[PDB]
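This document opens with one chain alone, in structure tokens, the form solved without the named molecule.
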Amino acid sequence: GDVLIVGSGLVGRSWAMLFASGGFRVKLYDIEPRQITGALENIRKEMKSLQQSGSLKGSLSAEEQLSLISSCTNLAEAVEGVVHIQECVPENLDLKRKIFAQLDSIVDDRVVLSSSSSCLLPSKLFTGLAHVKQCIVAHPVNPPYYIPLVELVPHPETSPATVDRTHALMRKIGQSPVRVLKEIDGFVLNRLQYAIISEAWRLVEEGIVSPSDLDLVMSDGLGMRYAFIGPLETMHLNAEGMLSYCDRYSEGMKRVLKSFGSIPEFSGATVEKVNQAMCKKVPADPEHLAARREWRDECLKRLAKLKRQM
């Protein structure tokens, strides 16, 4: 009934805090001990920060949650009595395959072997493993403590039970899992994100709007509805139902989409134009980027709270 996190980087530390908030004993493993020590320190500091701002998840005190998180340096002993293993190493296929092969030789048939991968496909990650039926990608969105989405992507041989158990586990810790029925490049979130970026890029390239104003169209406009309702339900409510929306605007949608240009090269003059505008707002140095990310994360923290209330 315990949880094992392989890799004590940012993504791993975030998972540790999420599972502990759900009352699960968490084992934090990493090949570098110096990194596990740092992880426990970081986790303690963040837990304290959340406590002081009344932003802790669940009903357990910060102290109790912290006591549930421990370090282990022995993988064989790390998988003992564990029901879910979340792999959190770099986005390097060779490395992930090595770790899953190592886990494959020591785990039982119950435990779920889950990867945090944001891009690697299950077929490339798990094919050939004896425990492939227990394998799955459970991709979180940074920052996971505030953004609940978890994309569950299965391998063609992943069992329904593996998906169901993981969906239930993610819901149990307060996250919002979704079932990506078939693996696909970019899963779902990045495909939608890239669709937006592609058109945004061309609008800037064509001189329709400045990069800064384009972003405002989203942050002070379309994006506000999307923080609460998806694109389909949005259509449903902006007319007398989905059928009504398609009846009223399908002609216009097809007309506009037909006018879309080609796939961007994401370079040259336009990248320089977009970059210059982005840097004017946020200098591209470690300090300014970190400060802006801090602001962004605070907004998300407050939004998550508001979402839960509504």
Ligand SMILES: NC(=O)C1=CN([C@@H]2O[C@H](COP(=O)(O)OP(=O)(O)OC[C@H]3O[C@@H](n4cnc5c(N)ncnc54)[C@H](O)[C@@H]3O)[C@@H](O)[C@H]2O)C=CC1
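The first residue of the shown sequence is 1; numbering continues from there.
Separately, the form solved in complex with the named molecule exists; it is not shown, and the next lines address it.
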item	value
All of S123, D164 and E183 within 4.5 Å of the named molecule in the bound PDB entry, heavy atom check	no
The named molecule: the contacting residue among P177, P144, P154, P211 in the bound PDB entry [heavy atom, 4.5 Å]	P144
In the bound PDB entry, the one of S159, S198, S118, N238 near the named molecule [non-hydrogen atom within 4.5 angstroms]	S118
Contact flag, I85 vs the named molecule in the bound PDB entry, heavy atom cut 4.5 Å	no
Residue contact check: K96 to the named molecule in the bound PDB entry, 4.5 Å heavy atom	yes
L10 within 4.5 Å of the named molecule in the bound PDB entry, heavy atoms	yes
Contact test in the bound PDB entry: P90 vs the named molecule, heavy atoms, 4.5 Å	yes
Option from 27 to 35, 254 to 262, 281 to 289, 51 to 59 whose residues, in the bound PDB entry, bring a heavy atom within 4.5 Å of the named molecule	27 to 35
